[PDB]
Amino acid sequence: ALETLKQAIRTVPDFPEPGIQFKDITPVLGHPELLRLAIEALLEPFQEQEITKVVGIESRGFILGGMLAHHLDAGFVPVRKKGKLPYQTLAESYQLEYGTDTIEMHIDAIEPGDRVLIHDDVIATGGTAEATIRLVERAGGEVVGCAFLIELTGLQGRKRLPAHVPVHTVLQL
């Protein structure tokens, strides 16, 4: 039971765009007792597993993503929306409900043989996490798993991800 985490999550409708039922985890981030619980819960299924790199998906995935890398004595790799990373990148474009998005990762972020944990605060449709798995694999990384704080269960983002990747979600909202 992780009720203290669940209770702390704020919903802000229409952020950053109308229609999005935004799950704001800043109340968790700001309280060390809850931050501790969140990190422990994210990491639990990955005990005693060699993790070389943690990928944090975009700005809000950098926050717990970095902590995970530090806690695991791993490197940290940012994956970003197109145009945000400074060095040469690999890119993946993907179809949305409406429109398309592109994410990128530095060409030297991941090396063949790296064991990689992919993190984001929230999985919604799973489109971004799917494309991130593709980036990591193109670089020769092996995806040990994805760890999300929150799954938006209604959207069934898990179904968008490939069968071969273990997916851990702490909260089902």
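In case it trips you up, residue 1 is the first one in the sequence shown, and so on.
When the two stretches 125 to 133 and 50 to 58 are set side by side, the higher mean Cα temperature factor goes to 50 to 58. Comparing 150 to 158 with 11 to 19, the stretch with the higher mean C-alpha B-factor in the PDB entry is 11 to 19. For the set 145, 66, 112, 27, the PDB entry assigns the largest Cα B-factor to 112. Remark: of 138, 119, 106, 31, 31 shows the highest value [criterion: C-alpha B-factor in the PDB entry]. Among the modelled residues of its chain, residue 83 has a C-alpha B-factor that falls in the highest third, as given in the PDB entry.
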